[PDB]
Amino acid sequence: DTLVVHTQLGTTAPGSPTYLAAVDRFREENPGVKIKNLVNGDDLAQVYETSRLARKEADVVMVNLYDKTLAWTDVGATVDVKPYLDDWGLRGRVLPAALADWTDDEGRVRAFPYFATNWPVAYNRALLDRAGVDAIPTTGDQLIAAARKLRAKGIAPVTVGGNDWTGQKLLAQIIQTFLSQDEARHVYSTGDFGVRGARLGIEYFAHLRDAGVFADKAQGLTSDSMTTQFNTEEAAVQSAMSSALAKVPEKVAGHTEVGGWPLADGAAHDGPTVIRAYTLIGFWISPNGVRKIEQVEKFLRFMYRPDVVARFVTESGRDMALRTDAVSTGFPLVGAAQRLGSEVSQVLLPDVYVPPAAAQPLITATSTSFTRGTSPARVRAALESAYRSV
């Protein structure tokens, strides 16, 4: 009757140190409580399902929302937490958008939201100064002339991993310039880049690209090339997860500012965009958990405490799906992105909606798209073909 938690945190996963400290804190606070952790990585859902069929499954699970766990709630492998969210009175602790993203098409709340991600654009002021620029929120001369001026001084503009996930996400964000979230969800879950908003998004991307906004040979770059270029100051801009901006050398981060991606005239947003997801690790409750619900509520109420939540923000520079006044003012760029607010508009992280079979092909088509000169028609063709399977 010890509380057993099947979680992805405990070793190499981000936020692990603070989670272990929380578990040890939890024990000091509740001397008699027995809590045990079962750590698994990418194969946690598979391991959880096997123990579930054997009726030996953990009481609480900590994993993100993706392909496999997106089906748990309907098959009943995991229970709808809304009842507990209400009874315990923790509903109000969750950001409104976060709670929505974690709710069924039906009314069910898949899990207790916890982790999230801020994915803004970092601008190197010193580098923009060396040229003749200032931050930029506009498509034209602003993003493009800034790029022309940076290049004029032998400095790469925006660096991005054209041949991997970082590129796949930037392409999607830019295309989203003319797509509101509801629309992007359709585009990316079906693979219909033939919609007006998407065609305008693709054209926009194609225009910036052909003007030299991205580093030379971006189509062949990766997350490594990207972060190395920005960290050594060979490029002036980079759209990256706050978690990645967390490792920008102190020196470089001192004269670095975070914002959104420059808007094009006629955009479906009122401010430079940034990517935002609230579906990273969350707390799920299992059938075994319900039979041990009082012990579960103890643990979750503790994890939802501002006290505990601020620690994840403060000590591990984590973005959260819960309401808190804490800021990662220890991971400067991270803290700065959390302070953004309303001068930037939110766009989707395609991950959850993109069918798994279209994932790798979507990256190969992105790499084809970042190729200087590739017509919008071919861009749309490559992208859509990434969905052949389906």
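A residue's number is simply how far along the shown sequence it sits, counting from 1.
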- Item | Greater mean Cα temperature factor according to the PDB record, 67-75 or 101-109 | 101-109
- Query: Is the mean CA B factor in the deposited entry higher across 371-379 or across 15-23?
  - Reply: 371-379
- Item | Per the PDB entry, maximal CA B factor within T159, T166, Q173, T232 | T232
- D307, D192, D210, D216, ranked by C-alpha B-factor: the highest one: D192
- Sorting the chain's modelled residues by C-alpha B-factor, tell me whether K34 ends up in the lowest, middle or highest third. highest
- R291 - which third its CA temperature factor falls in, relative to the rest of the chain: highest
- Would you check the entry's CA temperature factor for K56 and let me know if it's in the chain's lowest, middle or highest third? middle
- Item | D351 CA temperature factor, ranked by third within the chain | highest
- Entry-reported Cα temperature factor of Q142, expressed as the chain third it lands in: highest
